[PDB]
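**Q** Pasting an experimental structure, sequence included:
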Amino acid sequence: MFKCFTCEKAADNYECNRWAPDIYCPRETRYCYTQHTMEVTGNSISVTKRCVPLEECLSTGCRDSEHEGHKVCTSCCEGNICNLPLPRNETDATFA
């Protein structure tokens with residue numbers, strides 16, 4: 001469980017890591033936040049990554065969101081350099 005890259009306004013995780021900006025995550029951050037914005041159909045439109053404390057990663061989960069249009073899922077990491085590309089499937093959590 002280490003830090004990750006602070007991506008922002010990126011078209012895809014691939015190119016995002018391909019460059020790997022020479023920066024460093026903020027303080028009071030142990031977990032890694034991940035937010036991928038997809039289109040209504042199911043295409044990667046944008047993605048954002050940043051470091052966040054356990055508190056911020058207390059409640060997360062990825063799923064299909066077709067309310068207004070674009071579907072974006074949220075999730076956290078548990079390892080170093082978690083800027084890897086995510087799969088493409090339907091998942092459901094309990095979030096009890």
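**A** Here it is on my side, so go on. Numbers count the residues shown, from 1 in each chain.

**Q** My guess is residue 38 contacts residue 71. True?
**A** Yes - between residue 38 and residue 71 there is a contact under Cβ atoms under 8 Å: 4.9 Å. All C-beta atoms are positioned from the backbone trio N, CA, C, and that covers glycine.

**Q** Confirm residue 35 sits in a strand?
**A** Yes - Residue 35: assigned to a strand according to DSSP: H, G, I helix; E, B strand; the rest coil.

**Q** what residues are up against it?
**A** Contacts for residue 35 (Cβ atoms under 8 Å, 6 or more residues apart in numbering) come out as 47, 48, 49, 72, 73, 74.

**Q** bridging residues for it?
**A** Beta-bridge pairing for residue 35 (DSSP bridges): residue 48, residue 74.

**Q** can you give me the strands in the protein?
**A** Taking DSSP state E as the criterion, the chain contains strands spanning 31-38, 44-52, 71-76.
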